[PDB]
Amino acid sequence: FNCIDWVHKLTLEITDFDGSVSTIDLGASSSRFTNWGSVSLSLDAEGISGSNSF
Amino acid sequence: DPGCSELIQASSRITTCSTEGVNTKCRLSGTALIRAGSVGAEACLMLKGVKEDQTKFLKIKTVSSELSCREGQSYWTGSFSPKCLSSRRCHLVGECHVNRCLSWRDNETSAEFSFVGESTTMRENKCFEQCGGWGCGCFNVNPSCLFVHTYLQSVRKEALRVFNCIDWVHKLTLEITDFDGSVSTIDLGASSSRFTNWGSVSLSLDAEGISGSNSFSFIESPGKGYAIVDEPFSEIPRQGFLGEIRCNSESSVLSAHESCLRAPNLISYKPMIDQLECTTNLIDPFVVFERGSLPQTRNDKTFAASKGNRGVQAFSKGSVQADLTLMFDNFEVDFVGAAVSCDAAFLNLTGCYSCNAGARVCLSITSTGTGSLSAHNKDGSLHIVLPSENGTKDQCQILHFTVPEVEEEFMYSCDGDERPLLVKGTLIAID
Amino acid sequence: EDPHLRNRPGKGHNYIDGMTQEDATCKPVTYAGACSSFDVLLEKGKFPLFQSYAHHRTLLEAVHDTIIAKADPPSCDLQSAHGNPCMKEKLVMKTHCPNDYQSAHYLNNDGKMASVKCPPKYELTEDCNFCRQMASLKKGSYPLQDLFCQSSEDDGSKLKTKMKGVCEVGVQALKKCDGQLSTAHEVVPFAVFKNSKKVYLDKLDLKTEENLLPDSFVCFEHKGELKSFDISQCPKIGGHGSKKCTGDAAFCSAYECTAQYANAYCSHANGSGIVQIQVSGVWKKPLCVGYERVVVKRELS
């Protein structure tokens, strides 16, 4: 396979208020689904250009 | 304290009157031109009946100089998060087939998720190929299918209507006072036309006009402030730019209706036998909304929201040079011929001469009832008209002069009889 | 929300003095009986106003509700000579009306219900000016204009007709036109307040505020096929009534409901509530808003 763009993914281990541990991940502007609602990465200023030729 | 400044007399070409029950009912039908005032100054067209005391007033107060924006192409955007629903089924059972799951249509509803319903919520149907045999969860050697029923849900509790501007319309908010006493507030922008009960008003001459707004898009928020974006407006709902998942109304965004537009094939998928991680990559409008929240100055102006009416405006630091056009649609103006009398007194005089701001005057009008005062000099340079009331009241209006040493005797009349009145005061040079 | 356009709240009377020959099948108005003064209002695709305001009163029911006065005489005789007061007010109403009729009610200048009459044996013509000889004859009254009625006690006697660009409409002498005028036939709506005048409407601005009102619910029956019954017999919260009635959250949220023990099913209506008007830039609550097709004399150079 190939890669059209390098998505800056950040593996976050969100801990709830009661103490529930949930490990998720957020990249660029992707959203997930947690027990407390939803979360998504906002600002992103990190990337690698030239990925189609690999 | 600020009152009428540009005081002109109506021509007799469109002025008529008819006595009905000892009541001169003046009627106007035509088009008149009046000079617009500056910030604080007012303008009114004085009516002349069949005698001296019969004189009304149509004073119009100018609030401030506003620069409204012209809207056009807009859309309702918002954030959304997909909800993937995976259900792996072995081959030769139900609808799990090797030649059907690959070329699966989007409009067709799968049997593994047909219990949801054919609602207006944004949905889509996919079809992935998995493995077969006892290595994952089947009985035949043929690969199994993966029925996917992903539906979109609204994330943000509010929607935004991103619009754009093509030209800055110089709008002047006016508070027109009718002849009977009904006060109405309207607005005139560049060449706008607003119909009233006594006719219609329109703006003719314009001055301020910011050119260069086609490469800037605005963001409107219901109930809160506005915003500004430093990029040209986008119309094609593509990926990357603002407006990937748009709609046409607030209910279509808060409830995710099928009438909204979106880019084909935009929801990613991660098939993991029985697991599924569907997600999107849409730009959050609240990021630019927070990074560019008004007030945001540009070049040499100040962009802000409006007060009362919804719409983007702009503030400038220039003068007020415009001409108001009045129109009368046969509006009957009655006035009793038995007017009351009253006496006036001088108070103070502070302002400027030979300027658009003029100079305010203080006059103590003491009468016995609600009437109208009319004052005129000798050389025919100025004219004072103040609505008389009952008791000792403080009145006055804007009086422009051409000499800092103001010294001219005025003769005021409330019901026909004239009385002398000398005024004085110093002024400053205001250009 | 079953469409029931036969239940009439309040009195439900449709008759005028001098011609009370329809008090058997129209007093009150129910499912049984045949009255030409109510059956013509249920036409399909003809009277959208009465279909929209189904659970509201009309004009005759408003007169019989002791909330508005009637004209004098209430039934002008079109057969007598030496003229009649009901001539200059109806002659300007150039409208179409079927034959086999004997009466026609409308609104005059003083805000009163002015109607005509036809003694036996005379029937109305195509215009309704004179009465001619005559098949069954509809002894009721054909409504020449479409309007509704409701309960309102808001003050507004000093508010007259406020029109712009029209010097004379219908028969009333509004503003004085010193120049010329053009005679045309247009449809101009009108309105009426509590003891006022026939206030015509230039900008029709109406709204419906649907609220928990007793006239916004229809009760059914329990057999063991759901026919209507009555709404004034259902018990209330803290009050007393006849047979117990139940329903959904709207009927049980305001009244008393026992579901299984109840013997009636009260459901919510459709298109009924507080209706206000926007005249002179202010919101008011009138008695009935309607329209007509009369002679409109606008301004002309």
# chains A, B, ... in the order shown; residues from 1 in each chain; ligands from 1

call {"tool": "closest_atom_pairs", "arguments": {"of": "chain A", "to": "chain B", "cutoff": "7 Å", "atoms": "only C-alpha atoms", "output": "Markdown table"}}
result
| residue | atom | partner | partner_atom | distance |
| --- | --- | --- | --- | --- |
| A:29 | CA | B:281 | CA | 5.1 |
| A:30 | CA | B:281 | CA | 5.1 |
| A:31 | CA | B:279 | CA | 6.0 |
| A:32 | CA | B:279 | CA | 6.8 |

call {"tool": "write_last_selection", "arguments": {"atoms": "N, CA and C atoms", "output": "PDB file, in the first residue's frame"}}
result
ATOM      1  N   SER A  29      -7.653  16.025  12.429  1.00  0.00           N
ATOM      2  CA  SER A  29      -8.973  16.493  12.839  1.00  0.00           C
ATOM      3  C   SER A  29      -9.956  15.336  12.966  1.00  0.00           C
ATOM      4  N   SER A  30      -9.469  14.157  13.342  1.00  0.00           N
ATOM      5  CA  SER A  30     -10.323  12.988  13.475  1.00  0.00           C
ATOM      6  C   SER A  30     -10.997  12.965  14.842  1.00  0.00           C
ATOM      7  N   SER A  31     -12.194  12.387  14.880  1.00  0.00           N
ATOM      8  CA  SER A  31     -12.974  12.270  16.100  1.00  0.00           C
ATOM      9  C   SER A  31     -13.221  10.802  16.419  1.00  0.00           C
ATOM     10  N   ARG A  32     -13.371  10.516  17.709  1.00  0.00           N
ATOM     11  CA  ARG A  32     -13.612   9.158  18.180  1.00  0.00           C
ATOM     12  C   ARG A  32     -14.925   9.148  18.958  1.00  0.00           C
TER      13      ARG A  32
END

call {"tool": "select_by_dssp", "arguments": {"residues": "region 98-214 of chain C", "states": "strand (DSSP E)", "output": "number ranges by chain"}}
result
C: 105-107, 113-117, 123-124, 131-132, 166-169, 172-173, 180-192, 199-200, 206-209

call {"tool": "residues_around", "arguments": {"residues": "residue 11 (chain A)", "least_positions_apart": "2", "cutoff": "12 Å", "atoms": "only C-alpha atoms", "output": "ChimeraX atom specification"}}
result
/A:8-9,13-14,22-28,32,40-41

call {"tool": "residues_around", "arguments": {"residues": "residue 157 (chain C)", "least_positions_apart": "4", "cutoff": "10 Å", "atoms": "only C-alpha atoms", "output": "JSON, numbers by chain"}}
result
{"C": [192, 193, 194, 195, 196, 197]}

call {"tool": "write_last_selection", "arguments": {"atoms": "N, CA, C and O atoms", "output": "mmCIF file, in the first residue's frame"}}
result
data_model
loop_
_atom_site.group_PDB
_atom_site.id
_atom_site.type_symbol
_atom_site.label_atom_id
_atom_site.label_comp_id
_atom_site.auth_asym_id
_atom_site.auth_seq_id
_atom_site.Cartn_x
_atom_site.Cartn_y
_atom_site.Cartn_z
ATOM 1 N N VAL C 192 -62.240 42.869 12.222
ATOM 2 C CA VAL C 192 -63.201 43.483 13.128
ATOM 3 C C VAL C 192 -62.714 43.279 14.555
ATOM 4 O O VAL C 192 -62.135 42.242 14.892
ATOM 5 N N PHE C 193 -62.933 44.289 15.392
ATOM 6 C CA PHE C 193 -62.537 44.265 16.791
ATOM 7 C C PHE C 193 -63.778 44.191 17.679
ATOM 8 O O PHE C 193 -64.902 43.991 17.201
ATOM 9 N N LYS C 194 -63.571 44.354 18.982
ATOM 10 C CA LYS C 194 -64.661 44.317 19.954
ATOM 11 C C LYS C 194 -65.392 45.654 19.915
ATOM 12 O O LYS C 194 -64.903 46.658 20.437
ATOM 13 N N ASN C 195 -66.572 45.661 19.291
ATOM 14 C CA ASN C 195 -67.412 46.852 19.157
ATOM 15 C C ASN C 195 -66.644 47.986 18.471
ATOM 16 O O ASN C 195 -66.327 49.022 19.059
ATOM 17 N N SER C 196 -66.352 47.752 17.191
ATOM 18 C CA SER C 196 -65.616 48.720 16.389
ATOM 19 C C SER C 196 -66.251 48.880 15.014
ATOM 20 O O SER C 196 -67.475 48.789 14.874
ATOM 21 N N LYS C 197 -65.428 49.119 13.997
ATOM 22 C CA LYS C 197 -65.888 49.295 12.627
ATOM 23 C C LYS C 197 -65.225 48.248 11.739
ATOM 24 O O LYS C 197 -64.342 47.501 12.173
#

call {"tool": "interface_residues", "arguments": {"of": "chain C", "to": "chain B", "cutoff": "9 Å", "atoms": "only C-alpha atoms", "output": "list in words"}}
result
residues 164, 165, 175, 176 and 177 of chain C

call {"tool": "residues_around", "arguments": {"residues": "residue 393 (chain B)", "least_positions_apart": "2", "cutoff": "8 Å", "atoms": "only C-alpha atoms", "output": "list in words"}}
result
residues 364, 365, 366, 389, 390, 391 and 395 of chain B

call {"tool": "residues_around", "arguments": {"residues": "residue 54 (chain A)", "least_positions_apart": "2", "cutoff": "7 Å", "atoms": "only C-alpha atoms", "output": "PyMOL selection string"}}
result
chain A and resi 2+51-52

call {"tool": "closest_residue", "arguments": {"among": "C:237, C:76, C:159, C:288", "to": "residue 258 (chain C)", "atoms": "only C-alpha atoms"}}
result
C:237

call {"tool": "closest_residue", "arguments": {"among": "B:123, B:6, B:247, B:327", "to": "residue 201 (chain B)", "atoms": "only C-alpha atoms"}}
result
B:327

call {"tool": "residues_around", "arguments": {"residues": "residue 426 (chain B)", "least_positions_apart": "4", "cutoff": "7 Å", "atoms": "only C-alpha atoms", "output": "PyMOL selection string"}}
result
chain B and resi 404-406

call {"tool": "write_last_selection", "arguments": {"atoms": "N, CA and C atoms", "output": "PDB file, in the first residue's frame"}}
result
ATOM      1  N   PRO B 404     -18.332  84.092  14.400  1.00  0.00           N
ATOM      2  CA  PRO B 404     -18.178  83.701  15.810  1.00  0.00           C
ATOM      3  C   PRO B 404     -18.861  84.654  16.774  1.00  0.00           C
ATOM      4  N   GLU B 405     -19.122  85.893  16.361  1.00  0.00           N
ATOM      5  CA  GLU B 405     -19.806  86.871  17.206  1.00  0.00           C
ATOM      6  C   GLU B 405     -21.282  86.867  16.829  1.00  0.00           C
ATOM      7  N   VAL B 406     -22.013  85.891  17.357  1.00  0.00           N
ATOM      8  CA  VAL B 406     -23.435  85.745  17.059  1.00  0.00           C
ATOM      9  C   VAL B 406     -24.202  86.854  17.769  1.00  0.00           C
TER      10      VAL B 406
END

call {"tool": "atom_distance", "arguments": {"atom1": "CA of residue 413 (chain B)", "atom2": "CA of residue 367 (chain B)"}}
result
11.8 Å

call {"tool": "closest_residue", "arguments": {"among": "B:275, B:84, B:249, B:115", "to": "residue 33 (chain A)", "atoms": "only C-alpha atoms"}}
result
B:84

call {"tool": "select_by_dssp", "arguments": {"residues": "region 209-405 of chain B", "states": "helix (DSSP H, G or I)", "output": "NGL selection string"}}
result
:B and (251-254 or 285-291)

call {"tool": "atom_distance", "arguments": {"atom1": "CA of residue 122 (chain B)", "atom2": "CA of residue 239 (chain B)"}}
result
17.6 Å

call {"tool": "closest_atom_pairs", "arguments": {"of": "region 45-65 of chain C", "to": "region 205-226 of chain C", "cutoff": "10 Å", "atoms": "only C-alpha atoms", "output": "Markdown table"}}
result
| residue | atom | partner | partner_atom | distance |
| --- | --- | --- | --- | --- |
| C:53 | CA | C:208 | CA | 9.9 |
| C:55 | CA | C:215 | CA | 7.0 |
| C:56 | CA | C:215 | CA | 8.2 |
